[PDB]
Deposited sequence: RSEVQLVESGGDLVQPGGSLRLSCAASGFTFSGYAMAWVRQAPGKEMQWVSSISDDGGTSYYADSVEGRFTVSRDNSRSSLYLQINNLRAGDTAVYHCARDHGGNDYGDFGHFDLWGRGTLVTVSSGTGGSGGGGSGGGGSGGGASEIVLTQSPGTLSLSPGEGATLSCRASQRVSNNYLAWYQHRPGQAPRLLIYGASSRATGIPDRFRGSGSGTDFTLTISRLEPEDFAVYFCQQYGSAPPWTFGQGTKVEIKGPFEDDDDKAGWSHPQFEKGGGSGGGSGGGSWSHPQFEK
């Protein structure tokens, strides 16, 4: 029942502006660093901006630097993203996300809670490569998903996410092999350096989803794989 809900997306003219909002419930928002990650049609997830728990520190992707402004109101459990001078490249579903990193290890840049996103339609780096593009399997079968990086993933900071239809993305694995809280044993992450794998030992009907990887070992930007769609048979 713990969720993030984005709103504020709309049709907008090129050169126009929109204020995106994200309402957080089921947690004390003020204790977490937050992020905005967007996904253009047919493209991989793209980290846009990050902001510290107190709002004092923020980061942006280079393409949005100076046009986007992230902010937050901790007393209202709200995260904002002001997006200005919009172009065709800004058309995407914008998700807000909660940073799973902690202070003891400083493993920021990966997310344990996401919203379903808000569409923005403008009216007209380490690269991760996943394989296969699509896996058509039957329930009870195993699946091996690959995620290859263009250069070494510092500290093995590789995360795997699951995106089921009608649901917000979900963190499955972090640190290349640690299962997130609540994630069943059938999801197993392995690898290091530039080669990472997600093994799903028995496919259940809810396991039919898009699975995407992310490296968060580098300084920003943190980058994502284009995804592997696992479909039913």
Where the deposited sequence has no C-alpha coordinates (positions from 1, in order) | 1-2, 127-146, 256-294
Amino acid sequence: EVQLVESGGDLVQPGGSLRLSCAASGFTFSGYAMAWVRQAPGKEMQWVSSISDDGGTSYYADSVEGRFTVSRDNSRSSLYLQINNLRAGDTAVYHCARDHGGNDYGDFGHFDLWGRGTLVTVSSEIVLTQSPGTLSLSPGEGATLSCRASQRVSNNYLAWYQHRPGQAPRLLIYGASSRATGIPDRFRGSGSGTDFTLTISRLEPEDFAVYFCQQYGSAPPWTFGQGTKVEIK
From here on, numbers count along this sequence of modelled residues.
Between 168-176 and 200-208 (mean CA B-factor, as deposited), the higher | 200-208
On average, which has the higher Cα B-factor in the deposited entry, 81-89 or 136-144?
-> 136-144
Out of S123, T118, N155, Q162, highest CA B-factor residue = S123
Of the three thirds of Cα B-factor ranks in this chain, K43 occupies the highest
Looking at the C-alpha B-factor of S49, is it in the lowest, middle or highest third of its chain?
-> lowest
Quick one: classify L11 as lowest, middle or highest third of the chain based on its Cα B-factor.
-> lowest
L18's Cα B-factor: lowest, middle or highest third of the chain?
-> middle
Position of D112 among the chain's modelled residues by C-alpha B-factor, lowest, middle or highest third | middle
